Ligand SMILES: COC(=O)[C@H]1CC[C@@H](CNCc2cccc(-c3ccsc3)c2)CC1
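The chain below stands alone and is given as structure tokens, in the form deposited without the ligand.
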């Protein structure tokens, strides 16, 4: 077959019921995740190849970066709660991996302030039970599948993308193969 279990994707040994159509995991510490967001724009290109209105979810993970990794999962919950993902993703990636200016929770907060989120609303969100629940949801989703590495993408709670089997000679062809694989898995 052109798409084979074990090549462009693998199938979950313990399938996950009741999952979003497309579920992505990342870490702001994760070098391929930086590539996936800032260079390849995987999430946008997958969205463009899926039907309008398809639910796409993206969650942060705790297993990289120790204490700061957990702070970033909570900040990502803040970003989801306030709907400012598109305003903080690039400065968080660059602050962690490029300039290495994000070293504490306060440095994370500065990124939101610079993006125009008012301090009182960032702080209220950070301490809210709505955000506590979003943090639990991110941890539970990672526990549902078995997650030891990022980036990771799951389709219909059944299929896991395998980017190691796609072409890396050309970045645009890689993205096209990734997105077309997601589309194929979504129509399964």
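Note that the rigid core is defined as the largest set of C-alphas that superpose within 1.5 Å between two forms. Numbering follows the first chain given and starts at 1.
- Greater C-alpha displacement in 5 other deposited structures of this protein (rigid core superposition, RMS over structures and residues), of 52-60 versus 134-142: 52-60.
- Looking at 20-28 and 168-176, the one farther from the shown form in 5 other deposited structures of this protein by average CA distance, after a rigid core fit, turns out to be 168-176.
- Stretch comparison (68-76 versus 81-89) by mean CA B-factor in the PDB entry places 81-89 on top.
- Look at the C-alpha B-factors of 110-118 and of 90-98. On average they run higher in 110-118.
- Residues shown: 23, 179, 171, 17. Highest C-alpha temperature factor in the entry: 17.
- Across 136, 143, 46, 124, the entry's maximum B-factor at the CA atom is seen for 143.
- Ranked by Cα temperature factor within the chain, residue 54 sits in the highest third according to the deposited record.
- Among the modelled residues of the chain, residue 60 sits in the lowest third by CA temperature factor in this PDB entry.
- When all modelled residues of the chain are sorted by CA temperature factor, residue 130 is found within the middle third.
- When the modelled residues of the chain are ordered by their C-alpha B factor, residue 36 lands in the middle third.
- Ranked by Cα temperature factor within the chain, residue 30 sits in the lowest third according to the deposited record.
The following text describes the form deposited with the ligand bound, which does not appear among the structures shown.
- Classification of the binding site as blocked follows from the superposed pose of the ligand in the deposited bound form: three or more of its atoms fall inside 2.4 Å of backbone or C-beta atoms here.
- A residue is said to contact a partner when one of its heavy atoms sits within 4.5 Å of a partner heavy atom; residue 176 fails this definition for the ligand in the deposited bound form, lying far away.
- Of the heavy atoms in residue 40, some are within 4.5 Å of the ligand in the deposited bound form.
- Using a 4.5 angstroms threshold between heavy atoms, residue 132 stays clear of the ligand in the deposited bound form.
- The ligand in the deposited bound form is approached by residue 35, whose closest heavy atom lies within 4.5 angstroms of it.
- Although the ligand is not shown here, in the deposited bound form the stretch 162-181 places heavy atoms of 163, 164, 168, 169, 170, 171, 174 within 4.5 Å of it, in sequence order.
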